[PDB]
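S.K.: Build me a structure from this.
(9 chains, ligands or ions: 12)
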Amino acid sequence: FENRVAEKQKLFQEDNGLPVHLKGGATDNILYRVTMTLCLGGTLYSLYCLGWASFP
Amino acid sequence: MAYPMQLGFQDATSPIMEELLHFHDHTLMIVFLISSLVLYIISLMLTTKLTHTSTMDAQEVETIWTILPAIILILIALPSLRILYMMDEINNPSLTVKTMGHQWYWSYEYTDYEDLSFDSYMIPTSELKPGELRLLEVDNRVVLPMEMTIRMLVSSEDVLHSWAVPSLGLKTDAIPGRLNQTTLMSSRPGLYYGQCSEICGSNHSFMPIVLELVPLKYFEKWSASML
Amino acid sequence: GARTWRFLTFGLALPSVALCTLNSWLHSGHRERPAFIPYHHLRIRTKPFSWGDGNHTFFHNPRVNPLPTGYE
Amino acid sequence: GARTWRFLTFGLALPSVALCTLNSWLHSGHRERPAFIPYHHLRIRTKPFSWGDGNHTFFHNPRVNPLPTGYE
Amino acid sequence: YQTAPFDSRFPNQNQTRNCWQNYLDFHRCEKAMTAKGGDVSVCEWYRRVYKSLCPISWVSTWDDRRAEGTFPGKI
Amino acid sequence: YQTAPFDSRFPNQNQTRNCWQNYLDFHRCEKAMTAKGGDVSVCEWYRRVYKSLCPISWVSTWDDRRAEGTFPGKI
Amino acid sequence: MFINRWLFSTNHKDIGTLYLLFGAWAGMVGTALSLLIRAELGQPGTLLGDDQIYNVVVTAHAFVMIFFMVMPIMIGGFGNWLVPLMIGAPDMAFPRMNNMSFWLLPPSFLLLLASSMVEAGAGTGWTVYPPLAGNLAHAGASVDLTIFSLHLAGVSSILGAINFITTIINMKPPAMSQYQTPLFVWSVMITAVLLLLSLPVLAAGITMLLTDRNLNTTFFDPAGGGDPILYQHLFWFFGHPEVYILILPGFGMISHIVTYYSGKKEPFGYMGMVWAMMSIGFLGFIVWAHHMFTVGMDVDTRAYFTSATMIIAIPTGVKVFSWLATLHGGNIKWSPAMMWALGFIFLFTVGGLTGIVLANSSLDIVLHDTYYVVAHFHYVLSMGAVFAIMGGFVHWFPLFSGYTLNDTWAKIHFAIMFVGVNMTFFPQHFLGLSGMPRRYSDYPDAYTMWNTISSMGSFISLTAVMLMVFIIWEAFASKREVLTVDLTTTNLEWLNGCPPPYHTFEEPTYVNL
Amino acid sequence: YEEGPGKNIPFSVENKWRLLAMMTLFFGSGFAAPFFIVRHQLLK
Amino acid sequence: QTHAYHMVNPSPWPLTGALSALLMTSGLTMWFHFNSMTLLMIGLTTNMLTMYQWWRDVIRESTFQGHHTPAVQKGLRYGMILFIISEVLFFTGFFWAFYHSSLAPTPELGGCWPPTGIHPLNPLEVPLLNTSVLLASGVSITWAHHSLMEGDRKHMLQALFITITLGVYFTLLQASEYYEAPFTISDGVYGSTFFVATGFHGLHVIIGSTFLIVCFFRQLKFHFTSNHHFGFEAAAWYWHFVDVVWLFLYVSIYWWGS
Ligand code: HEA
Ligand code: HEA
Ligand SMILES: CCCCC/C=C/C/C=C/C/C=C/C/C=C\CCCC(=O)O[C@H](COC(=O)CCCCCCCCCCCCCCCCC)COP(=O)(O)OCCN
Ligand SMILES: CCCCC/C=C\C/C=C/C/C=C\C/C=C\CCCC(=O)O[C@H](COC(=O)CCCCCCCCCCCCCCCCC)COP(=O)(O)OCCN
Ligand SMILES: CCCCCC/C=C/CCCCCCCCCC(=O)O[C@H](COC(=O)CCCCCCCCCCCCCCC)COP(=O)(O)OC[C@@H](O)CO
Ligand SMILES: CCCCCC/C=C\CCCCCCCCCC(=O)O[C@H](COC(=O)CCCCCCCCCCCCCCC)COP(=O)(O)OC[C@@H](O)CO
Ligand SMILES: CCCCCCCCCCO[C@@H]1O[C@H](CO)[C@@H](O[C@H]2O[C@H](CO)[C@@H](O)[C@H](O)[C@H]2O)[C@H](O)[C@H]1O
Ligand SMILES: C[C@H](CCC(=O)O)[C@H]1CC[C@H]2[C@@H]3[C@H](O)C[C@@H]4C[C@H](O)CC[C@]4(C)[C@H]3C[C@H](O)[C@]12C
Ligand code: CUA
Ligand SMILES: [Ca+2]
Ligand SMILES: [Cu+2]
Ligand SMILES: [Mg+2]
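M.R.: Residues are numbered from 1 along each chain as shown, chains lettered A, B, ... in the order given. Ligands and ions are numbered 1, 2, ... in the order given. Next up is the structure itself:
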């Protein structure tokens, strides 16, 4: 393998205003949307489960 | 038992409860004095227009602030530990009684000679006889001889309980798989009450202890009648 | 230095592992399982396990792990 | 720093020695000596000692160290 | 015999092992006295002491386990 | 009885504790049996085993020490 | 921008603000639970008709006040706001991990309120002792949800401890030694070390309880050779350090408040104050079995725990006398914050002294599991922690908000709260000495008068809480913006204005050697 | 981000009466919750 | 700024991590009580996604953006040491449970340790091999460290590969032991202490191995300099912690406890 760290330094130092979690490009957006949708949906599901379990 | 508007301990029924009363009086005098001194000194610091706001040297006063409290703690610990080692000293009990905690009642076993055992349940409020005490009476009291050294062994058949009789200075946890020992000696005949003293679920408030202390001859007649 | 720690890796550490592997592989045969006794301090069941039929441990081995009622 | 090790000396180490000195102080005073029993595994004499009468240990204490024949 | 005396082997608040040791001692002795058809009166001290100290439910459980072959102590 | 059988408590080359245990067991039993005025015959197994295993000089020394009150084992 | 700022924060001040809001809400929950306790005990006979529910209310009351009110306010709120400011640091060491310590608390709280809503709740006491807390006596999910609530609270505080220790050690000005950091910063460092060491032992213990309940382990079950008393050792090995965790940041805030309103540049005997907190922290690890004097331990063990426990009075007395010596010679400003701090010194002293009574195992036989213990800890912990929090809140409210409180209203609030807590808790000493057990839904008739008075006091404190909400509303309603504050030369947290900008110490302080 | 008094909080203080509503809902929800949990348990 | 510290970009991962903890705990509850694994699998997924993206971002901030000044690196060193201390005290609670049970065996066990009916593993067979494996891995990881400091890419990768291989070997040996063990977690306090203490240790071996694998791939991608490689140092410290916990388990549970 070859040392491509300089090319990643250039990408992650680009003056584009992106926060570090989104600065790799479109794939970061997709992974963030998957993670947040599973967390928020999972959390809504956990509240439904609480509602169910709160009664006989 | 406790009485209305009571401030202090139930009257001592055993020599070790007497000792604890005297020990508490000693320690409470100290608590009072230290509480009062701190309140007084707050008031003294707050009641002068005189000022001193420059750096103060702390070394000399910190000797007083450590030595005087050290002495006071030693003056508490000495009598404290004397009583602790008295309530450990070897005695010859003449009787062993077991109590087993349950959700929510006590059982008693007197197995020195015969297999005598019985359950002791709280008398419900709706069933109290006139002049009987709410939450404190039981159907079967723990009949014991007065003026004699008794070994109590305490355990549980379910969760933790704790077998307590304040006027005798007694509190011993009831732990399943463990047999805890305490010594009981009443100076007096009569009825002596206590209450379960480890949270054991919904009816923790409702499984009291009642000792019935009688002369040896009457204890023997009661034992004999049980046959 | 790196040279010294490589020398310890190949000259001491891995030879030790080779000798313990040989030791283990010499005593790897199956031991004869002991008679079943339904001791009350073993095969504890206060609540069914959250898998299978509730009565099998997670890495249950039929050859050496009896159930509360004995060997399968 | 020296400042920190002095703080530990005076704030932890010497207060510890003072507490253990109290503890020792309080539990001192002679305990009664046990009945003499001429056990053959104790008061060993295979050769006389090279001092005194040959029969007294180097820091012999008459109150608590019996001879082979019992307390002096 | 009035009750079990102080035993220097078991001097603290936790008397579990005192009960257990005297139950074992009684049953070991009883088995020794039956295994020559000997006499179980020899075992009486251990019987009185475990009967005095041991909870009835412990004695009853241990007895059941000896009969079942599941008693974990050596007799 | 021919000799002392294999004892899984003492499976190795050093048999010192086997001799010692059986000597203790014999004398503890003999004490428990003489004391109720029961039968020392129930102690016979321990006697045969310690006599088989124990050097004569050990038994002799231990007997002397029990008589002197200097035996360091509990009987 | 709202989600980025308040859900995705990496800012010590905003995270401190979230902790204060969280803790204030929790305090309302904990106060409502306390009033339900006192409504039941206000008259003999049953009110709720359900003593399992009473036990669930008492259990939840403790967990909410300790884990969701005191610790979030003192360490998450005051700690995050003040520590970086007092050492001129631009943020915490781990500003993103900081945000996760915050966001673990709402899920932790949700698990606690799920415990109370499913089955019949966890009526265990906050100690959660087996076998009552086991799968026979508490079958169903309630205790498991309580254990998981504590795991999330535990992780939140362990990561927060790592953050505070690292921040305080690594992020001071290069010239500033540990012996030039303010006492509040010392108090947080020491609290964080106690958290780091104690919470993992609790985590081990409650994990064992979880496995006994769900995986057929027998750590605490005598049928498998376990021991209920092992749970108590693990719990209290954490629990004693926990009570010092609850008070130490309070000690720090009191030192700053007493110094400030005495008009002093510095507390009396700084190095003795550091020594005293470190001594309390250390001794706090070797005393736990004073919570176990009735379980059947050996006499020599009881003698050791009595003696070790009493030693804590010595460093504690140095702090009390040092606060008094900081007042000495002051130009005293009778601010509401000063009132809270003076109330603290007295009420803390009373509760500490009843602790020394309880340290004596012999007497503890008769006082254990009675209202004497409840009286002790509501003085030293409930009033101590609460009075330090209220003093800190009214002192630093203008720093955090940019707005002033009405000082007359704040004094009224103090007066009501002082009467209420004393009327509530002082009579519980009498109930304890006369043998009323704690954790009781009902009591023999003899105990009626002092329980009646105690319940009347609880309503007085309710009136104070409601007034406090009004006082906070009035400050934000009126918008009196801070102009000047005195003594900034010895209170660095004020020197960037009210409120300080989002980013402070972008250019660090200059401190030479 | 907005800086200064009234701007460093996740709630608005622009209108004291809207603020009173938000603070009432906020503290009142916390205070009410245990009363409703007790009711929920009693109603089983 | 004219300080050397790191002002971190606003991040969603604290909130996703906190919610992952809610889903894993409510998930365990729903598995233990309500016979369902759904919430638990969502929580495990979101936890793994959160850890992946958070630690990715730390690599972006350090290797790619240059935010790890000496002051920042010194902070992370303290952070990792304090984290390891918290993990030592967690293990201490399990050792306390072990010694409590084994030093005072109750009548239910037969009043002996091991309990009646427990046939312990021979500590001289696989447990001794496991000991040689983790000790050897401590030697190989030290070789990796020195190779990196000396600027030797090939030998750092070989030494780190050997370390990971030994970690995997330990894990497969322990999995085999678990299956072959004639006692279970339900075999009273013997099984309880054995499986919970060695099980949490095996979890930490899997975590440590995963950390070393992350370091292996970062090294393959030339992230580490001969002077700046804190992720490698942290993984080495963690790995030494895992070894030391094993040595205490081996002496306590396998050897003294047999
Ligand atoms: C910090 C801890 C703390 C606090 C503050 C309190 C506060 C109160 N507690 Fe209690 N309590 C405990 C900890 C606490 N408690 C614990 C640990 C138990 C043992 C449980 C068990 O046995 O298992 C217990 C148990 C206990 C009992 C014994 C129950 C029994 O044994 O059956 C009683 C009885 O009256 C009681 C009453 C009260 C009352 C009336 C208040 C309050 O009403 C007193 C007044 C205080 C307030 C009203 C709080 C005000 C603060 C805020 C609102 C925060 C504001 C925030 C900002 C300014 C940012 N509590
Ligand atoms: C803020 C929290 C806090 C603090 C700081 C303390 C401080 C102390 N506590 Fe308390 N304690 C609790 C919270 C706290 N406690 C809680 C919550 C429980 C119950 C848990 C439960 O069961 O639910 C409890 C229970 C508890 C028990 C168990 C009682 C039982 O259950 O039977 C004991 C036993 O010794 C104890 C003692 C002490 C001692 C000696 C101190 C010392 O640190 C106090 C030292 C202070 C002083 C002494 C005052 C100032 C000193 C001077 C002015 C100098 C001069 C003084 C002398 C010479 C004496 N406390
Ligand atoms: C091979 C080496 C390492 C392998 C790791 C384990 C693999 C599966 C599970 C992984 C998680 C393990 C961690 C420790 C938890 C408990 C048990 C784990 C030990 C284990 O694997 O034990 C097994 C049982 O697992 C069981 O019950 C069930 C196990 C699954 C359910 C566990 C759920 C409990 C989770 C507890 C969460 C607590 C988290 C703590 C957070 C603290 C933060 C402050 C043993 O098998 P057995 O058939 O009884 O006997 C073998 C007979 N031939
Ligand atoms: C307070 C601690 C300091 C100790 C100093 C005091 C005493 C002498 C010096 C000690 C040197 C160390 C060890 C030598 C061996 C024995 C002494 C052990 C310590 C001691 O002092 O033991 C005493 C016996 O001393 C006796 O026999 C005394 C015998 C004196 C002669 C010693 C013989 C020397 C042995 C040769 C040394 C060889 C070293 C070789 C080095 C290696 C080279 C390759 C104990 O007194 P006691 O009355 O029996 O019991 C107390 C009853 N109340
Ligand atoms: C199938 C798998 C099942 C198991 C899943 C469970 C979890 C497994 C996770 C394993 C941990 C992976 C951690 C990877 C960390 C990568 C980021 C990293 O290493 O980041 C480094 C900083 O260290 C840092 O933050 C240090 C970060 C330290 C992280 C410490 C992690 C330990 C995590 C333990 C998890 C809790 C366990 C508790 C269980 C009860 C970056 O700095 P450098 O290396 O100097 O580089 C910069 C140079 O290039 C410049 O020249
Ligand atoms: C039953 C199940 C219940 C369990 C619930 C699990 C709880 C929560 C879900 C966990 C999700 C974790 C997600 C990853 C967190 C990584 C944190 C991390 O690595 O934090 C680092 C700091 O901590 C450091 O180093 C050293 C510390 C690293 C810690 C890693 C996380 C450990 C989590 C669990 C451990 C509890 C402890 C076990 C002992 C009790 C980085 O700090 P940041 O502020 O980010 O950046 C700073 C920048 O300068 C970096 O460039
Ligand atoms: C993107 C965000 C994520 C959103 C989350 C999506 C939620 C999915 C809803 C599915 O609900 C499931 O329904 C199953 C069937 O109805 C249940 O099966 C279980 O319950 C059954 C009840 O009949 C039993 O047969 C078994 O225990 C078992 O199959 C199970 O508990 C439950 O989870
Ligand atoms: C050819 C390649 C060069 C790496 C590079 O410099 O880019 C080499 C250098 C070190 C090698 C690794 C090390 O030799 C250790 C391992 C050796 C095994 O036989 C194969 C996998 C293994 C993990 C190797 C894979 C690959 O061949 C690597 C990565
Ligand atoms: Cu039985 Cu409380
Ligand atoms: Ca009532
Ligand atoms: Cu404590
Ligand atoms: Mg108790």
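S.K.: Which segments of chain B make up each domain?
M.R.: B:2-91, B:92-227 (CATH domains of a matching chain).
S.K.: any idea how far the closest residue to residue G:123 other than its chain neighbours is from chain I?
M.R.: In space, and not counting its chain neighbours, residue G:123 is closest to residue G:55: 3.0 Å by CB to CB, 6 or more residues apart in numbering or on different chains. Backbone N, C-alpha and C define where each C-beta goes, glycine included. According to CB to the nearest CB, to the nearest Å, residue G:55 and chain I sit 21 Å apart.
S.K.: wait, what's in contact with residue G:55?
M.R.: Going by CB atoms under 8 Å, 6 or more residues apart in numbering or on different chains, residue G:55 touches B:199, B:201, B:202, B:204, G:121, G:123, G:124, G:125, G:439, G:441.
S.K.: Relative to ligand 4, how far out is whatever residue of chain C ends up closest to chain A?
M.R.: Closest to chain A within chain C is residue C:50: 15.7 Å, counting by CB to the nearest CB. From residue C:50 over to ligand 4 the distance is 64 Å, taken as CB to the nearest ligand atom, to the nearest Å.
S.K.: Could you measure from that residue over to ligand 10?
M.R.: In this view, residue C:50 and ligand 10 are 40 Å apart by CB to the ion, to the nearest Å.
S.K.: from the domains of chain B, which stretch is densest packed?
M.R.: domain B:92-227 (a mean of 20; mean count of other CB atoms under 10 Å in any protein chain shown).
S.K.: what about it, near chain H?
M.R.: No. Residues of domain B:92-227 are not located near chain H by CB under 8 Å from any CB of the partner chain, the shortest gap being 12.1 Å.
S.K.: close to chain E, is that domain?
M.R.: Yes. Against chain E, domain B:92-227 shows contacts by CB under 8 Å from any CB at B:92-96, B:98, B:100, B:109, B:111-112, B:115, B:117, B:151, B:153, B:155, B:157, B:172, B:177-182.
S.K.: so which of the domains of chain B gets nearest ligand 12?
M.R.: Ranking those by proximity to ligand 12 (CB to the ion) places domain B:92-227 first, at 4.5 Å.
S.K.: Relative to residue I:38, how far out is the residue of chain C closest to chain A?
M.R.: Distance, residue C:50 to residue I:38, by CB to CB, to the nearest Å: 13 Å.
S.K.: quick one: which of those two has more around it?
M.R.: Comparing residue C:50 with residue I:38 by other CB atoms under 10 Å in any protein chain shown, the one with more neighbours is residue C:50, at 18 against 15.
S.K.: pretty sure that one contacts residue I:35?
M.R.: Yes. Residue C:50 is in contact with residue I:35 according to CB atoms under 8 Å; the separation is 7.2 Å.
S.K.: what ranges do the helices span in chain C?
M.R.: Remark: helices assigned in chain C by DSSP state H are C:2-8, C:14-26.
S.K.: In the last one, which residues are buried?
M.R.: Burial within helix C:14-26, assessed by neighbour count using 16 or more other CB atoms under 10 Å in any protein chain shown, is assigned to C:14, C:16, C:17, C:20, C:23, C:24.
S.K.: Stretch I:222-236 now?
M.R.: Buried residues in stretch I:222-236, defined by neighbour count with 16+ other CB under 10 Å: I:223, I:224, I:229, I:230, I:231, I:232, I:233, I:234, I:235, I:236.
S.K.: Please flag which of these sit within strands.
M.R.: Assigned to strands by DSSP state E, none of the buried residues of stretch I:222-236 qualify.
S.K.: Dump those to JSON lines, plus distance to chain H.
M.R.: Listed next are the buried residues of stretch I:222-236 as JSON lines, based on distance: CB to the nearest CB, whole Å:
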{"residue": "I:223", "distance to chain H": "33"}
{"residue": "I:224", "distance to chain H": "36"}
{"residue": "I:229", "distance to chain H": "36"}
{"residue": "I:230", "distance to chain H": "31"}
{"residue": "I:231", "distance to chain H": "32"}
{"residue": "I:232", "distance to chain H": "37"}
{"residue": "I:233", "distance to chain H": "36"}
{"residue": "I:234", "distance to chain H": "33"}
{"residue": "I:235", "distance to chain H": "37"}
{"residue": "I:236", "distance to chain H": "40"}
